There are 2 protein chains.
Amino acid sequence: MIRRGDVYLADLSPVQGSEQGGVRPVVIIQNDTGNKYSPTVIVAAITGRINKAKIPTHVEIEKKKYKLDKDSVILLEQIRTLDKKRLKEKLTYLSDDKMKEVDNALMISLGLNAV
Amino acid sequence: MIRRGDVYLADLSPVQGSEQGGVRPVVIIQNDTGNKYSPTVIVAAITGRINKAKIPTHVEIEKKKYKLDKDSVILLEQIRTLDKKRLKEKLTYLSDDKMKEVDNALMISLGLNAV
């Protein structure tokens with residue numbers, strides 16, 4: 001079952017310019033009716049390139065709790081609809097508190113900030 | 001000078017599975033701080049294959065007022081982060097009212113619902 005808050009390995013290549021590419025973890029951010037009843041998910045990329053949030057659309061995740069190669073950052077400015085066939089293995093699942101920070105950074109990202 | 005609510009022509013290809021592909025209009029949904037400073041924008045795909053919003057993640061836009069080929073639909077479940085270089089000509093920009101429907105559909109799409 002694909003749940004919002006799941007983190008999967010996914011090949012994001014090919015990409016252009018500053019789009020995040022590579023085989024990497026991504027977190028599911030699509031609502032759960034969409035995850036269940038549609039062939040696509042929306043995800044946010046995760047990078048181990050940095051371990052500290054630089055901007056308010058970044059959210060940190062710790063390797064000790066989440067089974068990643070490295071302390072990492074979720075990039076809510078790099079979001080994409082992905083076909084489900086791009087999801088490889090299921091790495092982890094984020095806590096409810098981690099998902100609140102994600103909800104926040106995503107509202108800032110999309111200017112929904114006027115809640 | 002890209003701004004939230006602008007509509008551009010952009011090339012989405014190559015894609016996989018049910019990801020929207022091809023050269024087509026997209027609406028900018030990224031916050032304006034990111035549009036000013038970032039090398040990437042976040043967009044939602046527009047399609048003319050349908051003209052009516054069947055689901056609450058779809059927003060109808062009218063052809064004459066927005067200068068499109070057909071009565072179209074913004075697909076808030078088809079989102080992409082694109083390098084600015086993918087954006088060809090600006091086509092139009094959505095009204096504030098219409099942008100509010102877009103925001104509602106996006107809350108639902110990304111499960112920020114309750115907000």
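Protein chains get the first letters and strands the later ones, always in sequence-line order, with residue 1 at the start of each.
No single ILVMFWY cluster, assembled from side-chain heavy atoms under 4.5 Å apart, contains both A:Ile28 and A:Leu110. The same ILVMFWY cluster, assembled from side-chain heavy atoms under 4.5 Å apart, contains both A:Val102 and B:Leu76. In the hydrophobic cluster analysis, where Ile, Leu, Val, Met, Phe, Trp and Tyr join through side-chain heavy atoms closer than 4.5 angstrom, B:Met107 is grouped apart from B:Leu75. In terms of hydrophobic clustering, with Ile, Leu, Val, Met, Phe, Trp and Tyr side chains grouped at heavy-atom distances under 4.5 Å, B:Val43 and A:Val43 are assigned to different clusters. Criterion: ILVMFWY side-chain heavy atoms under 4.5 Å apart, direct or through other members. Under it, A:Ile79 and B:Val15 are not part of a common hydrophobic cluster.
Between A:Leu82 and A:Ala10, the closest heavy-atom pair is CD2-CB, 4.1 Å. Scanning both residues, B:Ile46 and B:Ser72, for their nearest heavy atoms gives CG2-CB, 3.7 Å. For the pair A:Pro56 and A:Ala105, the tightest heavy-atom approach, listed with the atom from each and the gap, is O-CB, 3.5 Å. Among all heavy-atom pairs drawn from B:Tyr66 and B:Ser95, the shortest one is OH-OG, 3.2 Å. Here the closest non-hydrogen pair linking B:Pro25 and B:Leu9 is N-CD1, 3.8 Å. Closest approach of A:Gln30 to A:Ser38, counting heavy atoms only: NE2-OG, 4.1 Å.
A salt bridge between A:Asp32 and A:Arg3 is present, with a side-chain N of the basic residue lying under 4.0 Å from a carboxylate O of the acidic one. One finds a salt bridge joining A:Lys65 and A:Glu62 here, because a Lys/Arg side-chain nitrogen approaches an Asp/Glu carboxylate oxygen to under 4.0 Å.
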Next on the checklist: Test side-chain contact (heavy atoms from CB on, under 4.5 Å) on A:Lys70 and A:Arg49; report intermediate values, then the result.
Outcome noted: CA-CA 9 Å; A:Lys70 220 164 322 201; A:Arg49 191 118 141 179; over 6 Å; no

Checklist entry - Would B:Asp11 and B:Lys88 satisfy side-chain contact (heavy atoms from CB on, under 4.5 Å), going step by step from the backbone distance to the final call? => result CA-CA 8 Å; B:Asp11 195 6; B:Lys88 338 281 234 230; 4.1 Å; yes

Next on the checklist: For B:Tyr8 and B:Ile2: C-alpha separation, side-chain torsions, deciding distance, then whether side-chain contact (heavy atoms from CB on, under 4.5 Å) applies.
Outcome noted: CA-CA 9 Å; B:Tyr8 285 82; B:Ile2 298 141; 3.5 Å; yes

Next on the checklist: Checking A:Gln16 against B:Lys85 for the side-chain contact (heavy atoms from CB on, under 4.5 Å) test, could you report, in this order, the C-alpha distance in whole Å, the side-chain angles of both residues, the deciding distance, and whether it holds?
Outcome noted: CA-CA 9 Å; A:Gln16 285 169 28; B:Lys85 282 168 49 63; over 6 Å; no

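Put simply, CD on B:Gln20 and OG1 on A:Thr40 are 10.0 Å apart, with the number rounded to the nearest 0.5 Å. Note that the CG atom of B:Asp103 and the CZ atom of B:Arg4 stand 4.5 Å from one another [nearest 0.5 Å]. Atom-to-atom distance recorded for A:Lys90:NZ and A:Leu87:CG is 10.5 Å, nearest 0.5 angstrom. For the atom pair CG (B:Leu112) and CG (B:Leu106), the distance works out to 8.0 Å, reported to the nearest 0.5 Å. Interatomic distance, A:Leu68 CG to A:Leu91 CG, rounded to the nearest 0.5 Å: 7.5 Å.
With B:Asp83 contributing its side chain and B:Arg86 its backbone, the two residues share no donor-acceptor pair below 3.5 Å. B:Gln78 contributes a side-chain N or O that, together with a main-chain N or O of B:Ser18, makes up a donor-acceptor pair within less than 3.5 Å. Formation of a donor-acceptor pair under 3.5 Å by the B:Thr81 side chain with backbone atoms of B:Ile42 is not found in this model. No side-chain donor-acceptor contact under 3.5 Å links B:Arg80 to the backbone of A:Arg80. Checking side-chain atoms of B:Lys98 against main-chain N and O of B:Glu60 turns up a donor-acceptor pair under 3.5 Å. Judged by distance alone, the side chain of B:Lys84 and the main-chain N or O of B:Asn35 form a donor-acceptor pair under 3.5 Å. Judged by distance alone, with hydrogens and angles left aside, the side-chain atoms of A:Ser13 form a donor-acceptor pair with the main-chain N or O of A:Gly22 at under 3.5 Å. Side-chain N or O atoms of A:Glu19 include none that pairs as donor or acceptor with a backbone N or O of A:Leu12 at under 3.5 Å.
By the 6.0 Å contact criterion, OH on B:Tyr93 is open, its count of non-hydrogen atoms from other residues, nucleotides or ligands being 12 or less.
Contacts of B:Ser109 classified as side chain to side chain donor-acceptor pair (under 3.5 Å), with partners at least two apart in sequence or in another chain: none. Contacts of A:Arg24 classified as salt bridge (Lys or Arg N to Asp or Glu O under 4.0 Å), with partners at least two apart in sequence or in another chain: none. Under the salt bridge (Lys or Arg N to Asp or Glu O under 4.0 Å) criterion, A:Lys100 pairs with A:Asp97, not counting sequence neighbours.
When B:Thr57, B:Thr47, B:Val7, B:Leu94 are each tested for a side chain to side chain contact (heavy atoms under 4.5 Å, CB included) with B:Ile74, only one passes: B:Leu94. Screening A:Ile61, A:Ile50, A:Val59 for a side chain to side chain contact (heavy atoms under 4.5 Å, CB included) involving A:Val73 leaves a single residue, A:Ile50.
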